[PDB]
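Read the single chain below, which is given as structure tokens and is the form deposited without this ligand.
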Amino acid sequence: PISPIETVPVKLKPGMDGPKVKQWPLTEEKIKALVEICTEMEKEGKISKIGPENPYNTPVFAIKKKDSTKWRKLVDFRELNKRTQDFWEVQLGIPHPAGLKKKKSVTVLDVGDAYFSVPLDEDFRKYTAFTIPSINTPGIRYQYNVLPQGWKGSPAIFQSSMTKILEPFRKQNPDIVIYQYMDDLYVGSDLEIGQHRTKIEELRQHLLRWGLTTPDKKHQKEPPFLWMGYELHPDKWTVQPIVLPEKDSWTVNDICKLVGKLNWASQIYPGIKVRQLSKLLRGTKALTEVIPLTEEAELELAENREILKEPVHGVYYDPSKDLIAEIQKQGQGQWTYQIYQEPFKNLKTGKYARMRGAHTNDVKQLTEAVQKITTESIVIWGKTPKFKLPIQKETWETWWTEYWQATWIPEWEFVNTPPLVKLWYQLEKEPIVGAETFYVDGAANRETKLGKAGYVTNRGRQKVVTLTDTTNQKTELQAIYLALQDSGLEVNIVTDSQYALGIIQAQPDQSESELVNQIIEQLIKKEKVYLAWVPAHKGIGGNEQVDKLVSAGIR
């Protein structure tokens, strides 16, 4: 039937009108499906026959449902959706099984023809006009009186209406938990099974009073419950399996599918990696372009396939116990983690592999993985976990002392599982006695892009390298790189580039620049580097000489 809830008022955007779009040819199977659906909806007042006063139309079709025995009527409301007012969506996220607590009794039930039970604003109804074509016999015209499928207002208006409808029941029953995901209700309680079932009947009669049927066909009463794509057993949850494509030629679309499925799997499978497969999509043309799997992507995909051949499950949240998050490092800026309470019983798992910034190191990436996990934990469990990290306390101490930014990690304990996260070199705080002093500089001509990089040294050595198709910033980095190549294990370098100083000072070990990577390799080789700054073009000695040298061809 139709809910007697008040309708949600909706308008079009200012100065716009309803859709006028011709119905396209449907196949006869879908014409019969739609005809049967529509004669029944019309008998029920969910749709109304319209006449010629209704100038509007928008195309209709139908598809199979999850239950392949049933059809679903859909409308291509893209034009009306364009012309409809904005909404604030109320679905803020996706509930996750690792956030469920142990309940004595559990029921999962579904609303029958949920949208078609919620009334639509009368003033808006005329814009929902559609046409059923005949197997010629004339074709019938209709409009909606309930929420249509394909309209952009329907999901939020339904989620809000469901919430209003559940409010009196939730108030009368504060201690029955109802996870409400669009129209699917997970219901848990600390009652014995008989009293739980009685409460479920009260909930069903409450919904029926408000127009929502709960067909027994979708009333799950026994574990494992099918919920949100998972199987909920009494003490563990599993994910319904992930079939990766097993193709030989791979298109961009094939790789998007693979990466999406791996990401989905990483919530419970430890160690999933998508770095190579994802970078394999850089600068692609279109979904149909054929990418060749690089050998790195080959290996990564193989590791993931082996990972996915394994049996795995989650457990439920016990709020009387701490949440523990343990992070592990793999290369190329990739991390995995497990969140658990008891030692070998994951609540869930995850991966973090986002590349932030042209240049970075492993301590930064660990800090941002910790941040990602913290906010995910707050969403799922409403509290922050205690961390177990592969980084020595002294490494972190050194970094937080040296690093000029505010940075912090919550309560954490060191975990001795390699690869340990470390800083790979450390700049000196003071100039080095006995180490040669290089004054470096670079100039570049903005018109010709020709440049020079070089050094003079206090021990009388000078070198200038010419560069093509370069920039001032690149010549400053090149001068530093050159001083590094031509110096001993200990070296003082004076630059005038606060660009280069700002990069090297933050101690990167990864970069997207080949030149900065070469510099990092040199820095790791050295025993001691001291890198000072002076202001350019102020005549400070040493700097003056090298500036004169590298300016010759360029300025």
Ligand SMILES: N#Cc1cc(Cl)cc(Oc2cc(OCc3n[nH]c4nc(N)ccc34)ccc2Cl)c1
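Position 1 is the first residue in the sequence shown; the rest follow in order.
Just so it is clear, the following notes concern the form deposited with this ligand bound, a form of the same protein that is not shown.
Placing this ligand by C-alpha superposition of the site, using its position in the deposited complex, leaves the pocket blocked: at least 3 ligand atoms lie within 2.4 Å of backbone or C-beta atoms here. If you check this ligand in the deposited complex, you find no heavy atom from any of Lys20, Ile50 and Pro59 within 4.5 Å. Among heavy atoms of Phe414, none comes within 4.5 Å of this ligand in the deposited complex. Among residues of the shown chain, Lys102 is one whose heavy atoms approach this ligand to within 4.5 Å in the deposited complex.
Shown alone here, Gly357 lies farther than 4.5 Å from this ligand in the deposited complex, counting heavy atoms only. Although the partner is absent here, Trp396 sits far enough away that none of its heavy atoms falls within 4.5 Å of this ligand in the deposited complex.
With this ligand left out of view, the stretch that reaches within 4.5 Å of it through heavy atoms in the deposited complex is, among 233 to 241, 286 to 294, 381 to 389, 120 to 128, 233 to 241.
Just one of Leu482, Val108, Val421, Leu323 comes within 4.5 Å of this ligand in the deposited complex, counting any heavy atom, and that one is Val108.
Checking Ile409, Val312, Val177, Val259 against this ligand in the deposited complex, a heavy atom within 4.5 Å turns up for just one residue: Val177. Residues from 168 to 204 that approach this ligand in the deposited complex with a non-hydrogen atom closer than or equal to 4.5 Å are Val177, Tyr179, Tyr186, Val187, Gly188, in the order they occur in the chain.
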